[PDB]
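Chemist: One structure, as structure tokens, below. Some questions next.
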Amino acid sequence: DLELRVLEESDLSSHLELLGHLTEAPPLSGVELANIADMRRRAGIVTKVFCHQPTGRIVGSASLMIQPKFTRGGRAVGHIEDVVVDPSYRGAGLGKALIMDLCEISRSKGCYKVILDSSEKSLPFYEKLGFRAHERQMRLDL
Amino acid sequence: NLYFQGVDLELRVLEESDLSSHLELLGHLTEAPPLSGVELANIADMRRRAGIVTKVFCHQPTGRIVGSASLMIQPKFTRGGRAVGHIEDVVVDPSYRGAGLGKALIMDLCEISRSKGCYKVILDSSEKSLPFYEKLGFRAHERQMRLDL
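From first to last, the protein sequence lines are chains A and B.
Each residue of the first sequence is one higher than the one before, counting from 2 in the deposited numbering.
Each residue of the second sequence is one higher than the one before, counting from -5 in the deposited numbering.
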């Protein structure tokens, strides 16, 4: 019933909605939604989504940012974020599927590591993948 | 402009003629094998197009880069499109350490993130670097996971 694929302009609406589960997601216009999408492309971000084909509802999303460093001979690092699954599709293997895919995209670009930040509950899920705990995420609110 | 100690230092944006001394500084963080000016420039353009800002302490009279920190300013669909800042690769030269240069770098990039409308700045800290970041307003939240390869 579902299709994994890169985010497209016509998803932006439903996708903004699915993210409403991560944090507040007030409306943006077609113009604003496409510019943000442009800056995210310019920034080396791929958003992979699960789309339920009949309704077109985005039921899954995860983003990869890949960026070159000057270190390790110029080799890239992949950073995963904003993994979100519809409350109706939780327990269904979508989250795992998204991560797997982005790690493969990381591999095919020659990244030497994929990093993400995890809550206390998502830990065991990530470790089965097998990501391993290291540093501590620090946050400053501005 | 917030005061930092050192009459001979300047806090400024990374430049093309810095790239080689800068890679050398970054060898205090991890392996930094050498790269040609062409590779350096390529990587520097790519990071710049991606919206990364690198701020640098330069020892003016040698040209030596003695402090670096990087900010990715990262656009989002949520919160009306308000960006998230990510700091990475903070490093100061061992000879310039304990003079508050790493504090001045972080503070500077936090201010830059505010100018660009960011609602937060995240980074990842090792166990030792924890109190340092605490003192700069950062509070411990999630755990970094790493997948090798």
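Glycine included, every Cβ here is placed at the ideal spot set by N, Cα and C.
For the beta strand (DSSP E) holding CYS52/A, just list the boundary residues, first then last.
Modeler: Counting along the chain, the beta strand (DSSP E) containing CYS52/A begins and ends at 46 to 53.
Chemist: For the stretch 96 to 117 of chain B, enumerate the residues whose C-beta is nearer than 8 Å to any C-beta of chain A, in chain order.
Modeler: Those would be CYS104, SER107, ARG108, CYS112, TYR113, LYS114, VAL115, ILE116 and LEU117, in chain order.
Chemist: Where does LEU65/B sit, in a helix, a strand or coil, going by DSSP?
Modeler: If DSSP states are grouped into helix, strand and coil, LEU65/B belongs with the strands.
Chemist: By the three-class DSSP mapping on this structure, what secondary structure does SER119/A have?
Modeler: Strand, per DSSP.
Chemist: Tell me, please, whether the CB atom of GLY75/A is closer than 8 Å to any CB atom in chain B?
Modeler: For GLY75/A, the answer is yes, since a Cβ of chain B falls inside 8 Å of its Cβ.
Chemist: Quick check on this structure: which residue in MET101/B, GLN68/B, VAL7/B and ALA134/B has the alpha carbon closest to the alpha carbon of residue 150/A?
Modeler: Summary: the structure shown does not reach residue 150/A, with chain A confined to residues 2 through 143, and so no result is reported for it.
Chemist: How far does the alpha helix (DSSP H) with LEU3/B in it reach, from first residue to last?
Modeler: Segment 3 to 7 is the beta strand (DSSP E) holding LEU3/B; no alpha helix (DSSP H) there.
Chemist: So which residues on chain B does residue 1/A lean against when the C-beta distance must stay under 9 Å?
Modeler: The structure shown has nothing for residue 1/A, since chain A only spans 2 to 143.
Chemist: Out of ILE59/B, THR56/B and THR48/B, state which residue places its alpha-carbon closest to the alpha-carbon of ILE106/B.
Modeler: The residue with the shortest Cα to Cα distance from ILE106/B is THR48/B.
Chemist: Measure from the alpha carbon of residue 146/A to the alpha carbon of each residue in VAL115/A, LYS114/A, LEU65/A and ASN36/A, then state which is nearest.
Modeler: With chain A running from 2 to 143 in the structure shown, residue 146/A is simply not present.
Chemist: Taking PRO88/B as the reference, give the member of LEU23/B, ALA35/B and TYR(-3)/B with the closest Cα.
Modeler: Measuring from the Cα of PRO88/B, the nearest candidate turns out to be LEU23/B.
Chemist: Looking at the unbroken beta strand (DSSP E) that takes in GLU136/B, where does it start and where does it end?
Modeler: Run containing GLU136/B: 133 to 142, per the beta strand (DSSP E) assignment.
Chemist: Contact criterion: CB-CB distance below 8 Å. Does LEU5/B meet it with respect to chain A?
Modeler: Output row for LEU5/B: interface = no.
Chemist: How do the stretch 29 to 45 of chain A and the stretch 82 to 96 of chain A stand: do at least 3 beta-carbon pairs fall below 8 Å, yes or no?
Modeler: Contact fails: fewer than three Cβ-Cβ distances are below 8 Å.
Chemist: Taking 7 Å as the cut-off, is the CB of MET101/B close to at least one heavy atom of the ligand ADP?
Modeler: Although the ligand ADP was asked about, the structure shown includes no ligands whatsoever.
Chemist: Take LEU99/B as the anchor and find which of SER11/B, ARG41/B and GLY61/B has the nearest alpha-carbon.
Modeler: Ranking the options by Cα distance to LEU99/B, first place goes to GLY61/B.
Chemist: Taking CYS104/B as the reference, which of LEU95/B, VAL115/B, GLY94/B and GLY96/B has the closest Cα?
Modeler: For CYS104/B, the nearest C-alpha among the options comes from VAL115/B.
Chemist: Among the residues of its own chain, which have a CB less than 6 Å from the CB of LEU17/A, if the five just before and after it don't count?
Modeler: Taken in chain order, the residues that qualify are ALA26.
Chemist: Alpha carbon to alpha carbon, what distance is there between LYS97/A and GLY0/B?
Modeler: So the two alpha carbons sit approximately 50 Å from each other.
Chemist: Threshold first: 4 residues or longer. Then list the alpha helix (DSSP H) segments lying entirely within the stretch 70 to 118 of chain B, N to C.
Modeler: Qualifying alpha helix (DSSP H) stretches, in chain order: 95 to 109.
Chemist: Against chain A, does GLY31/B count as a neighbour if the rule is that its beta carbon must be under 8 Å from one of theirs?
Modeler: No - not a single Cβ of chain A is within 8 Å of the one on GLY31/B.
Chemist: If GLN68/B sits next to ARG137/A, beta carbons under 8 Å apart, how far is it from one beta carbon to the other, in whole angstroms?
Modeler: At roughly 20 Å, the Cβ-Cβ gap does not stay under 8 Å, so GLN68/B and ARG137/A are not in contact.
Chemist: Should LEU20/A and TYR113/B be called a contact, given that it needs their Cβ atoms to be closer than 8 Å?
Modeler: No, they are not a contact pair.
Chemist: Helix, strand or coil for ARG58/B per DSSP?
Modeler: Three-state result, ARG58/B: coil.
Chemist: Is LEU65/B close to chain A? Criterion is C-beta to C-beta, closer than 8 Å.
Modeler: For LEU65/B, the answer is no, since every Cβ of chain A falls outside 8 Å of its Cβ.
Chemist: What is the DSSP secondary structure of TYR(-3)/B, counted as helix, strand or coil?
Modeler: Note: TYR(-3)/B maps to coil in three-state DSSP.
Chemist: Counting only C-beta atoms, is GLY45/A closer than 8 Å to chain B at any point?
Modeler: Yes, contact with chain B.
Chemist: Should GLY131/A go down as buried or exposed, given a rule of 16 or more other Cβ atoms within 10 Å for buried?
Modeler: Exposed, since its Cβ has fewer than 16 Cβ neighbours within 10 Å.
Chemist: Report the three-state DSSP secondary structure of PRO27/A (helix, strand or coil).
Modeler: Coil at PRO27/A, not helix or strand.
Chemist: Just the chain B side, please: which residues come within less than 8 Å of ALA26/A by C-beta, in chain order?
Modeler: Correct list: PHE71, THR72 and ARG73.
Chemist: What does a CB cutoff of less than 8 Å around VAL7/B pick up in its chain, not counting 5 residues either side in sequence?
Modeler: Contacts found: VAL47, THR48, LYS49 and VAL50.
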